[PDB]
Amino acid sequence: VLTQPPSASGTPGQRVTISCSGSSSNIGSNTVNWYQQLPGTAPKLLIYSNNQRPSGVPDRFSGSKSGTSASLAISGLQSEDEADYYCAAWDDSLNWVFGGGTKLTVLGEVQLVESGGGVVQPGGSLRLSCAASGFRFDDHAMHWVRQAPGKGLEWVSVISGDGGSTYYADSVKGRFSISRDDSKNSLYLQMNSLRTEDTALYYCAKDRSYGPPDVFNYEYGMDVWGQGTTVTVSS
Amino acid sequence: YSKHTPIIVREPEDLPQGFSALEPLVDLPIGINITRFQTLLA
Amino acid sequence: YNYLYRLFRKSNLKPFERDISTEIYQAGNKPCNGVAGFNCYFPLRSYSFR
């Protein structure tokens, strides 16, 4: 569980401070990750490990981990910084807890596309596919981060680059089977026991670590996202 | 608490200068978290 | 199903105050809007017996 303000406010020119509160079981033992998502497009990584920033993220963002809570700072915000800000952290109970979102609204190259959605019969389901193009799939991990239409994001399952131990969420455990293949860049996720509460996008997110994000509590992150399919079971 | 006191005509509307104790009438129990109050007239 | 059991609340209760609730809990700041998403359920957990 992570506490995050629903929708803050602010004026252009100055700076704001978005905070994310968490217990010592998730933030106190790991590193918080801040993700930025523009309304309409796929999300993207903003701040990883609370100290470094990717090459695409400019110096307009900063993060701190003073205490058991994370603090974001955007010096000199503008109209382009009007996006959704999410907090994510790997808890010591083998799970990946995400935030709620921050509607910071102010009124003044490898493709990771996946597919395999479509409306199906309730109870059962089909397989979820994913693909890429020349990104060394063996040396990187993959995550399943679905996002319901209008709602937030949440982590479903993880597959490591080695292909050994894997982890699922607290609700999708058992009835989900994630696996890979020795062929070109791909990822298979079979779903079972469809309870019709799965209307989301199922983002096939790319990571940078190799093993499962449980032993590597300082390098785990999430690389550029991909265009996901809109699967709507709707019973 | 409640108490009726002579409020014979005086200077413009204000709290008059005079001591008057208030005796309790009802003591109904309650346990609600009350933090606001709204009045109402006929 | 005849013996109910509420779940955690974002605020502490009051002594001598009934806690009848039928809405859906909102984890953090993401309203799940009735449909149970992630970490959002109804505080009507039925006690299991044997």
# chains A, B, ... in the order shown; residues from 1 in each chain; ligands from 1
>>> residues_around(residues="residue C:17", least_positions_apart="2", cutoff="12 Å", atoms="only C-alpha atoms", output="MDAnalysis selection string")
(chainID B and resid 29:34) or (chainID C and resid 12:15 19:20)
>>> residues_around(residues="residue C:34", least_positions_apart="3", cutoff="10 Å", atoms="only C-alpha atoms", output="NGL selection string")
:C and (23-26 or 31 or 37 or 40-42)
>>> closest_atom_pairs(of="chain A", to="chain C", cutoff="8 Å", atoms="only C-alpha atoms", output="tab-separated table")
residue	atom	partner	partner_atom	distance
A:1	CA	C:28	CA	7.2
A:2	CA	C:28	CA	6.2
A:3	CA	C:28	CA	4.9
A:4	CA	C:28	CA	6.2
A:5	CA	C:29	CA	6.6
A:6	CA	C:29	CA	5.0
A:99	CA	C:28	CA	7.1
A:100	CA	C:30	CA	4.9
A:101	CA	C:29	CA	7.1
A:151	CA	C:30	CA	6.8
A:152	CA	C:30	CA	6.5
A:154	CA	C:38	CA	7.0
A:197	CA	C:36	CA	7.1
>>> write_last_selection(atoms="C-alpha atoms", output="PDB file, in the first residue's frame")
ATOM      1  CA  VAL A   1       0.000   0.000   0.000  1.00  0.00           C
ATOM      2  CA  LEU A   2       1.300   3.435  -1.025  1.00  0.00           C
ATOM      3  CA  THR A   3      -0.237   6.802  -0.150  1.00  0.00           C
ATOM      4  CA  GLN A   4      -0.190   9.449  -2.889  1.00  0.00           C
ATOM      5  CA  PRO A   5      -2.146  12.715  -3.265  1.00  0.00           C
ATOM      6  CA  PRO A   6      -5.052  12.334  -5.715  1.00  0.00           C
ATOM      7  CA  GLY A  99       0.758   4.104  -6.494  1.00  0.00           C
ATOM      8  CA  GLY A 100      -2.505   5.860  -7.203  1.00  0.00           C
ATOM      9  CA  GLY A 101      -1.493   8.713  -9.480  1.00  0.00           C
ATOM     10  CA  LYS A 151      -8.143   3.620 -13.710  1.00  0.00           C
ATOM     11  CA  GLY A 152      -4.519   3.265 -12.604  1.00  0.00           C
ATOM     12  CA  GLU A 154      -0.910  -2.492 -11.438  1.00  0.00           C
ATOM     13  CA  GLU A 197     -12.747  -8.223 -13.830  1.00  0.00           C
TER      14      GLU A 197
END
>>> residues_around(residues="residue C:4", least_positions_apart="6", cutoff="10 Å", atoms="only C-alpha atoms", output="short mmCIF file (atom, residue, chain, number, x, y, z; two decimals) with N, CA, C and O atoms, in the first residue's frame")
data_model
loop_
_atom_site.label_atom_id
_atom_site.label_comp_id
_atom_site.auth_asym_id
_atom_site.auth_seq_id
_atom_site.Cartn_x
_atom_site.Cartn_y
_atom_site.Cartn_z
N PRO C 43 -15.65 -4.11 2.28
CA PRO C 43 -15.37 -4.53 3.66
C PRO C 43 -16.46 -5.42 4.24
O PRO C 43 -17.02 -5.13 5.30
N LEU C 44 -16.78 -6.51 3.54
CA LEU C 44 -17.80 -7.47 3.95
C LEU C 44 -17.24 -8.88 3.89
O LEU C 44 -17.87 -9.81 3.37
N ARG C 45 -16.04 -9.06 4.42
CA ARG C 45 -15.38 -10.36 4.41
C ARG C 45 -16.16 -11.35 5.28
O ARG C 45 -16.33 -11.12 6.49
N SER C 46 -16.64 -12.43 4.67
CA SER C 46 -17.40 -13.44 5.40
C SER C 46 -16.45 -14.33 6.19
O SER C 46 -15.44 -14.80 5.67
N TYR C 47 -16.79 -14.55 7.46
CA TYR C 47 -15.98 -15.42 8.31
C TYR C 47 -16.17 -16.88 7.92
O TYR C 47 -17.29 -17.34 7.73
N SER C 48 -15.06 -17.60 7.79
CA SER C 48 -15.09 -19.01 7.44
C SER C 48 -15.13 -19.86 8.70
O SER C 48 -14.46 -19.57 9.69
#
>>> residues_around(residues="stretch 130-142 of chain A", least_positions_apart="6", cutoff="9 Å", atoms="only C-alpha atoms", output="PyMOL selection string")
chain A and resi 110-116+157-163+184-189+204-213+222+228
>>> write_last_selection(atoms="C-alpha atoms", output="tab-separated table (two decimals), in the first residue's frame")
chain	number	residue	atom	x	y	z
A	110	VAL	CA	13.29	-0.69	-29.93
A	111	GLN	CA	9.55	-1.28	-30.31
A	112	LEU	CA	7.89	-3.26	-27.50
A	113	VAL	CA	4.45	-3.64	-29.08
A	114	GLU	CA	2.28	-6.55	-27.90
A	115	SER	CA	-1.09	-8.01	-28.85
A	116	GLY	CA	-3.43	-10.90	-28.10
A	157	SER	CA	3.63	-10.92	-13.32
A	158	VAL	CA	7.39	-10.83	-13.89
A	159	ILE	CA	9.75	-12.98	-15.97
A	160	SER	CA	13.50	-12.76	-15.44
A	161	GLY	CA	16.14	-12.79	-18.16
A	162	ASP	CA	17.56	-16.11	-16.97
A	163	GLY	CA	14.18	-17.83	-17.29
A	184	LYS	CA	12.84	-14.68	-31.46
A	185	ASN	CA	11.80	-12.04	-28.93
A	186	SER	CA	8.45	-13.16	-27.54
A	187	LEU	CA	6.53	-13.68	-24.31
A	188	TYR	CA	3.55	-15.94	-23.56
A	189	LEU	CA	1.02	-15.39	-20.76
A	204	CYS	CA	4.26	-5.81	-21.86
A	205	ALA	CA	6.83	-3.63	-20.14
A	206	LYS	CA	10.56	-4.01	-20.75
A	207	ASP	CA	13.04	-3.93	-17.86
A	208	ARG	CA	16.82	-3.64	-17.57
A	209	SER	CA	17.78	-6.15	-14.85
A	210	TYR	CA	18.56	-9.83	-15.44
A	211	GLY	CA	17.29	-11.79	-12.44
A	212	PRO	CA	13.99	-11.44	-10.62
A	213	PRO	CA	13.54	-8.04	-8.95
A	222	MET	CA	11.50	-0.49	-16.22
A	228	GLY	CA	-0.65	-2.55	-25.73
>>> closest_residue(among="A:201, A:15, A:190, A:30", to="residue A:173", atoms="only C-alpha atoms")
A:190
>>> atom_distance(atom1="atom CA of residue A:42", atom2="atom CA of residue A:225")
6.4 Å
>>> residues_around(residues="stretch 19-24 of chain B", least_positions_apart="2", cutoff="10 Å", atoms="only C-alpha atoms", output="ChimeraX atom specification")
/B:1-6,16-17,26-27
>>> write_last_selection(atoms="N, CA and C atoms", output="PDB file, in the first residue's frame")
ATOM      1  N   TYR B   1     -29.121  22.409  28.052  1.00  0.00           N
ATOM      2  CA  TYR B   1     -29.554  23.348  29.074  1.00  0.00           C
ATOM      3  C   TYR B   1     -30.485  24.386  28.465  1.00  0.00           C
ATOM      4  N   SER B   2     -31.354  24.947  29.303  1.00  0.00           N
ATOM      5  CA  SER B   2     -32.304  25.954  28.852  1.00  0.00           C
ATOM      6  C   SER B   2     -32.829  26.721  30.056  1.00  0.00           C
ATOM      7  N   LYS B   3     -33.189  27.983  29.822  1.00  0.00           N
ATOM      8  CA  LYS B   3     -33.724  28.839  30.874  1.00  0.00           C
ATOM      9  C   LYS B   3     -34.400  30.042  30.236  1.00  0.00           C
ATOM     10  N   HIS B   4     -35.603  30.362  30.704  1.00  0.00           N
ATOM     11  CA  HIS B   4     -36.329  31.536  30.241  1.00  0.00           C
ATOM     12  C   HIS B   4     -36.074  32.697  31.195  1.00  0.00           C
ATOM     13  N   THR B   5     -35.761  33.861  30.635  1.00  0.00           N
ATOM     14  CA  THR B   5     -35.414  35.042  31.409  1.00  0.00           C
ATOM     15  C   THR B   5     -36.121  36.254  30.825  1.00  0.00           C
ATOM     16  N   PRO B   6     -36.508  37.215  31.664  1.00  0.00           N
ATOM     17  CA  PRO B   6     -37.169  38.427  31.150  1.00  0.00           C
ATOM     18  C   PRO B   6     -36.246  39.220  30.240  1.00  0.00           C
ATOM     19  N   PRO B  16     -28.089  41.027  26.399  1.00  0.00           N
ATOM     20  CA  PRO B  16     -28.280  41.927  27.541  1.00  0.00           C
ATOM     21  C   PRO B  16     -27.302  41.629  28.666  1.00  0.00           C
ATOM     22  N   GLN B  17     -27.133  42.622  29.537  1.00  0.00           N
ATOM     23  CA  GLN B  17     -26.235  42.514  30.686  1.00  0.00           C
ATOM     24  C   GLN B  17     -27.046  42.032  31.881  1.00  0.00           C
ATOM     25  N   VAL B  26     -32.990  17.854  29.290  1.00  0.00           N
ATOM     26  CA  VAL B  26     -32.877  16.488  28.798  1.00  0.00           C
ATOM     27  C   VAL B  26     -31.408  16.094  28.768  1.00  0.00           C
ATOM     28  N   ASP B  27     -31.157  14.799  28.939  1.00  0.00           N
ATOM     29  CA  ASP B  27     -29.811  14.238  28.992  1.00  0.00           C
ATOM     30  C   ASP B  27     -29.732  12.973  28.143  1.00  0.00           C
TER      31      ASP B  27
END
>>> atom_distance(atom1="atom CA of residue A:77", atom2="atom CA of residue A:103")
13.6 Å
>>> closest_residue(among="C:5, C:50, C:11, C:18", to="chain B", atoms="only C-alpha atoms")
C:18
>>> residues_around(residues="residue A:117", least_positions_apart="2", cutoff="9 Å", atoms="only C-alpha atoms", output="VMD selection string")
chain A and resid 115 119 to 120 126 to 129 201 to 202 228 to 233
>>> residues_around(residues="residue A:78", least_positions_apart="6", cutoff="12 Å", atoms="only C-alpha atoms", output="ChimeraX atom specification")
/A:10-16,60,104-108
>>> write_last_selection(atoms="N, CA, C and O atoms", output="tab-separated table (two decimals), in the first residue's frame")
chain	number	residue	atom	x	y	z
A	10	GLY	N	-0.95	23.77	-8.84
A	10	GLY	CA	0.26	24.55	-9.00
A	10	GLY	C	0.20	25.54	-10.14
A	10	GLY	O	-0.61	25.39	-11.06
A	11	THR	N	1.06	26.55	-10.09
A	11	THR	CA	1.14	27.59	-11.11
A	11	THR	C	2.42	27.43	-11.92
A	11	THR	O	3.43	26.92	-11.41
A	12	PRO	N	2.42	27.84	-13.19
A	12	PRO	CA	3.64	27.72	-14.00
A	12	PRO	C	4.74	28.64	-13.49
A	12	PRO	O	4.50	29.65	-12.83
A	13	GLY	N	5.97	28.26	-13.81
A	13	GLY	CA	7.16	28.99	-13.40
A	13	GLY	C	7.79	28.49	-12.11
A	13	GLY	O	9.01	28.35	-12.03
A	14	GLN	N	6.98	28.23	-11.09
A	14	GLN	CA	7.47	27.74	-9.82
A	14	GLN	C	7.59	26.22	-9.86
A	14	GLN	O	7.46	25.59	-10.92
A	15	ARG	N	7.82	25.60	-8.70
A	15	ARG	CA	7.98	24.16	-8.59
A	15	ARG	C	6.99	23.60	-7.58
A	15	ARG	O	6.51	24.30	-6.69
A	16	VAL	N	6.69	22.31	-7.74
A	16	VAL	CA	5.80	21.61	-6.82
A	16	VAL	C	6.56	20.46	-6.17
A	16	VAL	O	7.74	20.23	-6.47
A	60	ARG	N	15.03	18.20	-15.56
A	60	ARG	CA	13.88	18.90	-15.00
A	60	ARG	C	13.18	18.11	-13.90
A	60	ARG	O	12.16	18.58	-13.39
A	104	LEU	N	-1.27	16.22	-11.84
A	104	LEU	CA	-0.61	17.52	-11.74
A	104	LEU	C	-0.97	18.36	-12.96
A	104	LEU	O	-0.16	18.64	-13.85
A	105	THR	N	-2.24	18.77	-12.99
A	105	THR	CA	-2.76	19.58	-14.09
A	105	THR	C	-2.68	21.06	-13.75
A	105	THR	O	-3.00	21.47	-12.63
A	106	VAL	N	-2.24	21.85	-14.72
A	106	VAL	CA	-2.12	23.30	-14.57
A	106	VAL	C	-2.63	23.94	-15.85
A	106	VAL	O	-2.11	23.66	-16.94
A	107	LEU	N	-3.65	24.79	-15.73
A	107	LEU	CA	-4.23	25.47	-16.89
A	107	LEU	C	-3.62	26.86	-17.06
A	107	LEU	O	-4.30	27.88	-17.05
A	108	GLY	N	-2.30	26.87	-17.22
A	108	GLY	CA	-1.56	28.11	-17.40
A	108	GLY	C	-1.48	28.95	-16.14
A	108	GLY	O	-1.85	28.49	-15.06
>>> atom_distance(atom1="atom CA of residue A:181", atom2="atom CA of residue A:143")
15.8 Å
>>> select_by_dssp(residues="stretch 84-222 of chain A", states="strand (DSSP E)", output="VMD selection string")
chain A and resid 84 to 91 95 to 98 114 to 115 127 to 130 142 to 147 153 to 159 166 to 168 176 to 179 188 to 191 203 to 206
